[PDB]
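To start, the structure itself, in structure tokens.
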Protein chains: 4
Amino acid sequence: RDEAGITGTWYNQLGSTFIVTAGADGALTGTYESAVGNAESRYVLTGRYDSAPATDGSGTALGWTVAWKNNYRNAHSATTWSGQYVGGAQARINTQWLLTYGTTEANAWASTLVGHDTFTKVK
Amino acid sequence: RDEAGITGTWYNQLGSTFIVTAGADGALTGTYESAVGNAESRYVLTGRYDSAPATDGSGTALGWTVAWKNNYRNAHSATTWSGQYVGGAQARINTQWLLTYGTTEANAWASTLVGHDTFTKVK
Amino acid sequence: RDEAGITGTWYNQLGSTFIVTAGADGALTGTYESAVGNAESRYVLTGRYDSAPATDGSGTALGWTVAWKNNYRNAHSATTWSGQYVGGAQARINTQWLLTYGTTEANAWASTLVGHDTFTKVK
Amino acid sequence: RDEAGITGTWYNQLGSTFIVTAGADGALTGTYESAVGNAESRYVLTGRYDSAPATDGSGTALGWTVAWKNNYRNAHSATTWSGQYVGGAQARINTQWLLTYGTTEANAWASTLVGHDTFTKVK
Ligand SMILES: O=C(CCCC[C@@H]1SC[C@@H]2NC(=O)N[C@@H]21)NCCN(Cc1ccccn1)Cc1ccccn1
Ligand SMILES: O=C(CCCC[C@@H]1SC[C@@H]2NC(=O)N[C@@H]21)NCCN(Cc1ccccn1)Cc1ccccn1
Ligand SMILES: O=C(CCCC[C@@H]1SC[C@@H]2NC(=O)N[C@@H]21)NCCN(Cc1ccccn1)Cc1ccccn1
Ligand SMILES: O=C(CCCC[C@@H]1SC[C@@H]2NC(=O)N[C@@H]21)NCCN(Cc1ccccn1)Cc1ccccn1
Ligand SMILES: [Cu+2]
Ligand SMILES: [Cu+2]
Ligand SMILES: [Cu+2]
Ligand SMILES: [Cu+2]
């Protein structure tokens with residue numbers, strides 16, 4: 001599959017670092033370090049990927065989650081990235097993400113940010 | 001924390017079933033069964049939640065991922081849910097989600113659907 | 001078409017008020033009053049809708065924009081709602097929205113909130 | 001304001017062409033031509049922008065809508081772009097978008113795609 005292509009260290013356009021291991025069963029496990037926001041050091045991440053993707057040139061669907069609490073900081077929030085891995089000489093993981101932070105019910109309408117990250121193997 | 005409140009079986013407005021266990025360390029593990037789409041039976045899910053949320057009445061941020069492959073079907077896609085758990089007599093998990101499916105590079109602009117699910121303990 | 005069904009006053013789950021006129025050519029024009037956020041009184045809105053929708057029971061696609069500046073307040077932001085109108089005894093406009101606020105380049109990753117509003121003719 | 005900076009022709013990363021006029025009152029009017037999808041030729045667009053943005057280096061919030069019907073084609077859908085204009089030697093409009101297409105109630109969960117476009121004055 002793409003187990004070998006996905007496993008490793010990835011970097012996004014903000015300078016964040018995404019370290020992941022893809023399991024034969026579709027599991028994703030690793031750590032995430034964000035260059036921006038209320039974050040410092042590494043955070044636990046877990047997710048899933050399609051371990052038997054199509055063979056027609058389509059990308060490989062995947063997703064993962066980080067809750068922004070570690071031994072140093074708690075930002076009472078979590079981000080999920082949803083996207084596809086695209087292999088080749090210039091491999092990429094193209095994603096869109098949702099960041100939800102805890103709010104009161106009255107402020108819940110404003111609880112979720114949306115964005116997009118592109119991860120590459122270099123930089 | 002909310003370990004006890006989150007762990008259990010949840011149902012969304014489509015009739016889907018979300019079975020999860022919240023760990024003391026912030027882990028989420030379980031299965032998901034969707035009432036709609038290219039899905040049948042249960043799928044593995046993993047995620048994270050804030051295990052030390054604020055005590056001011058704010059919700060508890062969390063997220064999880066399902067890759068839509070199991071022993072019966074493969075839809076070459078994955079969904080991530082991002083949201084917050086709100087406890088009380090009428091406990092809820094209010095979420096927004098991103099569903100990415102594998103595509104060629106030319107069709108990648110159309111690869112991601114967005115929606116929102118509300119999960120309750122009843123129905 | 002749905003010109004007659006769309007034109008009028010609509011209310012969402014937050015208590016906001018959406019007053020719109022649908023033109024024969026696909027134009028939407030009106031005002032929006034939000035019950036939440038950095039808003040007060042009415043704001044100008046403009047948008048578009050499908051003036052020749054399918055006749056198979058499908059909804060009618062539409063969208064509109066509000067920039068949050070009026071004679072009283074400026075929140076340096078704009079929201080776009082994208083969705084479909086569903087006619088009948090219990091007519092609805094089901095939407096998802098994106099709220100972008102002006103930021104510096106360093107904070108741009110956090111510039112956009114996402115949510116969902118359901119509008120009805122009553123309440 | 002940014003009336004002069006916004007008005008003109010813009011191009012995104014797909015090769016689409018966005019022609020807009022910014023009014024002194026905050027109005028946006030023009031045409032959109034998409035290089036991808038069920039689209040051909042030009043489509044009417046309308047939107048709004050912040051006509052008195054902050055003067056601290058922040059971007060200028062804006063949004064617009066296209067319903068995908070013209071004299072040649074109807075795709076029973078509409079897209080809204082939400083974002084901010086960033087002036088300078090390399091001016092940009094950075095956006096995220098929501099594309100909703102008409103569906104039956106049973107398929108409504110799958111009615112909305114999400115993406116992101118960056119518009120520049122060249123290419
Ligand atoms: O900033 C974070 C955690 C780090 C997010 C980095 C994102 S993930 C997507 C993108 N990709 C990256 O690599 N990095 C960024 N959470 C915001 C939580 N706060 C809301 C918020 C929203 C916007 C700006 C600041 N805060 C609430 C709060 C609770 C307590 C204290 C302080 N704040
Ligand atoms: O339908 C699925 C998996 C189930 C999703 C259920 C969602 S998750 C969010 C929401 N909440 C729920 O409880 N249920 C729904 N994936 C679509 C993958 N296909 C694209 C697609 C998009 C829209 C409609 C149908 N297909 C691509 C494809 C690859 C091979 C074969 C067939 N199709
Ligand atoms: O609140 C607004 C305008 C009203 C939005 C109501 C939304 S639209 C979608 C939903 N549906 C509704 O009917 N109502 C809500 N804009 C936020 C702009 N600010 C960021 C921001 C983000 C979150 C919370 C507060 N502020 C930036 C800023 C610039 C200057 C001063 C103050 N603030
Ligand atoms: O493709 C369109 C209109 C053009 C969209 C271009 C987007 S806008 C955002 C991005 N930025 C750009 O510059 N271009 C792209 N609408 C899809 C409507 N159809 C669903 C759909 C979804 C995915 C792929 C194809 N179709 C439904 C349908 C109704 C009748 C017939 C055929 N199809
Ligand atoms: Cu914060
Ligand atoms: Cu499918
Ligand atoms: Cu504000
Ligand atoms: Cu189509």
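Both backbone and side-chain heavy atoms feed into the values below; hydrogens, waters and symmetry mates do not. Quick note on labels: first sequence line is chain A, next is B, and so on, each numbered from 1. Just follow the structure's listing: the first ligand is 1, and inside any ligand the first atom is 1.
Centroid-to-centroid, the aromatic rings of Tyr32(C) and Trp81(C) come within less than 6.0 Å. Between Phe119(C) and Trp64(C), a ring centre-to-centre spacing shorter than 6.0 Å is recorded.
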For ligand 3, which of its N or O atoms have a protein N or O partner closer than 3.5 Å, and how long is each gap?
{"unit_1": "ligand 3", "atom_1": "1 (O)", "unit_2": "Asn38(C)", "atom_2": "N", "d": "2.9"}
{"unit_1": "ligand 3", "atom_1": "1 (O)", "unit_2": "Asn38(C)", "atom_2": "OD1", "d": "3.3"}
{"unit_1": "ligand 3", "atom_1": "11 (N)", "unit_2": "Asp117(C)", "atom_2": "OD2", "d": "2.8"}
{"unit_1": "ligand 3", "atom_1": "13 (O)", "unit_2": "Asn12(C)", "atom_2": "ND2", "d": "3.1"}
{"unit_1": "ligand 3", "atom_1": "13 (O)", "unit_2": "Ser16(C)", "atom_2": "OG", "d": "2.7"}
{"unit_1": "ligand 3", "atom_1": "13 (O)", "unit_2": "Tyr32(C)", "atom_2": "OH", "d": "2.7"}
{"unit_1": "ligand 3", "atom_1": "14 (N)", "unit_2": "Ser34(C)", "atom_2": "OG", "d": "3.0"}
{"unit_1": "ligand 3", "atom_1": "16 (N)", "unit_2": "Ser77(C)", "atom_2": "OG", "d": "3.0"}
{"unit_1": "ligand 3", "atom_1": "26 (N)", "unit_2": "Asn38(C)", "atom_2": "OD1", "d": "3.2"}
{"unit_1": "ligand 3", "atom_1": "33 (N)", "unit_2": "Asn38(C)", "atom_2": "OD1", "d": "3.3"}

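Below 30°, between 30° and 60°, or above 60°: for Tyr43(C) and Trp68(C) the angle between ring planes is above 60°, a perpendicular geometry.
Taking a 6.0 Å sphere around CG of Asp25(D), one finds it holds more than 12 heavy atoms contributed by other residues, nucleotides or ligands. Atom CD of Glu33(C) has more than 12 heavy atoms from other residues, nucleotides or ligands within 6.0 Å.
The Cu ion (ligand 6) lies at 2.8 Å or more from every N, O or S atom belonging to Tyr101(B). With a cut-off of 2.8 Å, the Cu ion (ligand 8) has an N, O or S atom of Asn38(D) in range.
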* What do the steps show when you test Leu98(C) against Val114(A) for side-chain contact (heavy atoms from CB on, under 4.5 Å), and what is the final call? -> CA-CA 8 Å; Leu98(C) 293 172; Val114(A) 62; 3.8 Å; yes
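In this structure, the separation between CD on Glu40(B) and OH on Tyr72(B) is 7.5 Å, given to the nearest 0.5 Å.
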